Every structure is written in structure tokens, then in C-alpha cells.
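Worksheet: the structure to be examined is printed underneath.
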2 protein chains.
Amino acid sequence: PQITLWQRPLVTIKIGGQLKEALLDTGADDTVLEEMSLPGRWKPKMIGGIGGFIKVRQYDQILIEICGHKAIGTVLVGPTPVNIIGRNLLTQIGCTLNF
Amino acid sequence: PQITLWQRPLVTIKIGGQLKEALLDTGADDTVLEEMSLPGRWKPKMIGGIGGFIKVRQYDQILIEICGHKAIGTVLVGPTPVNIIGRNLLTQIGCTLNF
Ligand SMILES: CC(C)CN(C[C@@H](O)[C@H](Cc1ccccc1)NC(=O)O[C@H]1CO[C@H]2OCC[C@H]21)S(=O)(=O)c1ccc(N)cc1
């Protein structure tokens with residue numbers, strides 16, 4: 001689909017058997033989700049944003065279905081105030097910016 | 001232009017007579033630029049992102065030229081780690097997300 005930007009580009013995703021809403025975010029290198037239960041093993045990592053940094057758990061090769069499109073890749077989990085789909089997954093679903 | 005997301009979607013902008021590079025950021029409601037000299041009056045404001053909040057200066061009716069497309073609107077200035085073009089300006093240049 002084509003998505004205009006008069007509102008937040010929020011999309012429904014399914015991950016870890018759970019349904020969530022997440023922001024399609026071209027400004028985010030990596031995907032980061034609020035605290036949630038995920039199956040795998042994980043590595044501690046820290047990511048930097050506007051107000052400083054947060055500590056996250058890195059999960060690799062995690063399946064996500066973003067608006068009915070599957071992708072597998074790194075998901076970070078931690079105290080982000082919003083679920084963010086970053087460019088690492090956006091590229092997999094063929095998402096582009098257009099003007 | 002159509003822009004893929006294997007790299008950061010950085011674009012050259014002109015604002016306040018100065019040239020900068022900024023991220024086209026669908027995840028950002030508002031445009032926020034690193035500390036810079038801008039003409040005019042302003043108002044204290046706080047914006048929140050991944051690591052917490054920062055205090056910014058809000059400038060209204062500011063002219064920006066983003067990839068050669070003019071837009072006028074609100075620009076926040078403050079200690080963001082990167083210059084961000086947010087949805088308030090992206091809509092003005094007809095920027096959309098497609099997959
Ligand atoms: C622009 C950078 C700082 C990157 N940020 C992505 C960005 O889209 C965040 C994503 C975001 C979105 C909502 C809340 C927090 C973070 N948006 C954001 O900070 O926007 C602020 C300016 O406008 C306002 O609208 C939303 C928050 C304000 S980030 O969230 O910090 C980020 C950094 C690293 C990764 N891997 C993933 C995300």
C-alpha cells in the first residue's frame with residue numbers, strides 16, 4: 001500500500017504469536033519493541049535516541065509479519081515509548097520513501 | 001525521487017541561509033534540528049524520544065528547502081543527535097511510504 005504521513009504510519013504486526021501496533025520509522029536503523037515475551041536467547045545492547053540511551057535485549061532472526069508481509073531479522077526489546085519498525089526490517093518488506 | 005532504505009535517507013536541506021543534511025524520518029511527528037542560528041522569536045518546548053526528553057526551542061513559520069522542495073512550518077532546535085525532518089514537513093513535500 002501507499003501511506004501518506006498526515007498521521008503516524010502505524011501498522012499492525014504479529015510477532016511471537018502476539019499482535020501489536022508499530023510505527024514504520026525511516027529514521028530508525030533498527031527495530032525496537034516495548035517490553036514483551038519473546039522465545040529466544042538474547043544479547044544485551046544499548047541504543048541511542050533523542051533523549052539519550054536505553055538498554056535493550058537483542059534478538060536475532062526473529063520472524064515478524066508487518067502488515068501481512070513476513071520478514072526475519074534483528075529485533076531489539078526494551079523501554080522504548082513506542083513500537084518501532086526500523087530500516088533493517090523495512091528493506092525486507094520493500095518499503096520506500098517517495099516524493 | 002524514490003528512496004530505498006538500505007541506507008539512512010539523508011537529504012540536503014537549506015534553512016536560515018545554511019546548508020545541512022537531515023534524515024527523512026517517518027517516525028518523527030515534528031522536525032528537530034541540532035543547535036543552529038535561526039532568525040526570530042521562539043518558545044521553550046520539550047520533546048520525547050527513545051532515551052527520554054530534550055528541551056528545544058520552537059520556531060514557527062520557518063522556511064526550509066528539502067531536496068529542493070520548499071516547505072514552511074515549525075522547526076524545533078535543540079540537542080538532538082541528528083537533524084530530523086518530521087511528518088509536519090514531510091507531508092508538505094508530498095512524501096509517502098510505499099510497500
Ligand atoms: C531520530 C533518531 C533519534 C532515531 N529514533 C527514531 C525516531 O523516529 C524516533 C522514534 C520515536 C517515536 C516516538 C517516541 C519515541 C521515539 N522519533 C523521534 O524521536 O521523534 C521525536 C520528534 O518528533 C516526535 O514524534 C515522536 C517522538 C518525537 S530512535 O527511536 O531514537 C531510534 C534509534 C535507534 C534505533 N535503532 C531505533 C530507533
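Within this structure, A:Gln58 fails the test of being under 29 Å from B:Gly94 (Cβ atoms), more than 7 Å from chain B (Cβ to nearest Cβ) and buried (at least 17 other Cβ atoms within 10 Å of the Cβ). Of the set (1) over 15 Å from the mean Cα position of the chain (by Cα); (2) within 16 Å of the ligand (Cβ to nearest atom); (3) more than 10 Å from every other protein chain (Cβ to nearest Cβ), all apply to B:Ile50 but (3). A:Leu33 meets all of the listed conditions (1) within 11 Å of the ligand (Cβ to nearest atom); (2) surrounded by 19 or more Cβ atoms within 10 Å (Cβ to Cβ); (3) facing another protein chain (nearest Cβ under 10 Å); (4) aliphatic (A, V, I, L, M) but one, namely (3). For segment A:46-56, the count of residues that are in contact (Cβ under 8 Å) with a residue 60 or more places away in the chain and within 27 Å of B:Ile85 (Cα to Cα) is zero. Looking across segment B:69-94, the residues that are within 14 Å of the ligand (Cβ to nearest atom) and either closer than 28 Å to A:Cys67 by Cβ or small (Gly, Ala, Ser) (or both) come down to B:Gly73, B:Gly78, B:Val82, B:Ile84, B:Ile85, B:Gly86, B:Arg87, B:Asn88, B:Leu89, B:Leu90, B:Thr91. Mind counting the residues in segment A:12-29 that are buried (at least 19 other Cβ atoms within 10 Å of the Cβ), within 14 Å of the ligand (Cβ to nearest atom) and more than 7 Å from every other protein chain (Cβ to nearest Cβ)? Residues that pass the stated criteria total 1.
Being surrounded by 19 or more Cβ atoms within 10 Å (Cβ to Cβ), more than 9 Å from the chain's Cα centre (by Cα), within 26 Å of A:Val32 (Cβ to Cβ) and within 9 Å of chain A (Cβ to nearest Cβ) is the requirement here; does B:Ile93 meet it? Taking the combined requirement at face value, the residue does not satisfy it.
Every number here is computed from the coordinates shown, using simple stated rules; none is lab data. Because the Cβ atoms are built from the backbone with ideal geometry, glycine has one as well, and the counts that use them run over all protein chains shown.
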